[PDB]
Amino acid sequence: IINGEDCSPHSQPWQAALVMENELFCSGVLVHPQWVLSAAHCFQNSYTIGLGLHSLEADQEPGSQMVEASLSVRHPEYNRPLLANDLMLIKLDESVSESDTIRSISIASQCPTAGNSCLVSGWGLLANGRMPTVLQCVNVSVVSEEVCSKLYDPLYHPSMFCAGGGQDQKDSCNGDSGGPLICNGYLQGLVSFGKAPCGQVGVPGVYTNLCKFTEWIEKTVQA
């Protein structure tokens, strides 16, 4: 997260840390008591997931849980076209009890509105190139489909939308992949990809356009 600040502790209780030998490599978003949504590019054959976290040390976070998952489903059109359809659903080996620090979030059914200010949270790199010790929060604004396709064609696809690129240089960065973009109370996007380096004026990041997938997500969760 570039140019953001510590989230208020546990203010993003749907946030999931995917960790590999105790290091975070992606986030995810709890969308049901037994399912975390993440970027398809974060796929692994199995997961250790951290829920209820703020710092990444579970032993220092009352209410947190470190849970195992083996099953995940990438969207069947992931990466056709390249980078597109970037979402997958991870099935937790058991459902979690929701509380005030571990809770799922509803997915937006309407598509993003150009111009709207939204929030992104994650534990990826800061402006100075280091990893933060606690979850970072930043606002970024949805860019219009016209600007997004202009900057990213031929790789712009409507399974994506752009946000950020402002003079304020607020953006996602490496390690933020898979985590949430929240608009107007709902999960609108997942951090996906951008052109390096992060936090360039006039270059927005790209997020999975979840309003396109609500049916697949529901069907997958129910099957």
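C-alpha atoms forming the largest set that superposes within 1.5 Å between two forms make up the rigid core. Counting begins at 1, following the sequence as shown.
Root-mean-square C-alpha deviation from the shown form, taken over all structures in 5 other deposited structures of this protein superposed by the rigid core, is larger for 197 to 205 than for the alternative among 6 to 14 and 197 to 205. The deposited model assigns a higher average Cα B-factor to 196 to 204 than to the other stretch when 196 to 204 and 17 to 25 are compared. Across the residues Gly189, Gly164, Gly185, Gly50, the deposited record lists the maximum Cα B factor for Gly185. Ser121 sits in the lowest third of its chain by CA B factor, as recorded in the PDB entry. The PDB entry assigns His32 a C-alpha temperature factor belonging to the highest third of its chain's modelled residues. Per the PDB record, residue ranking by Cα B-factor puts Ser104 in the middle third of the chain. Placement of the Cα temperature factor of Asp176 within the chain: lowest third of the modelled residues, per the deposited record. Among all modelled residues in this chain, the alpha-carbon of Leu155 has a temperature factor (C-alpha) in the middle third.
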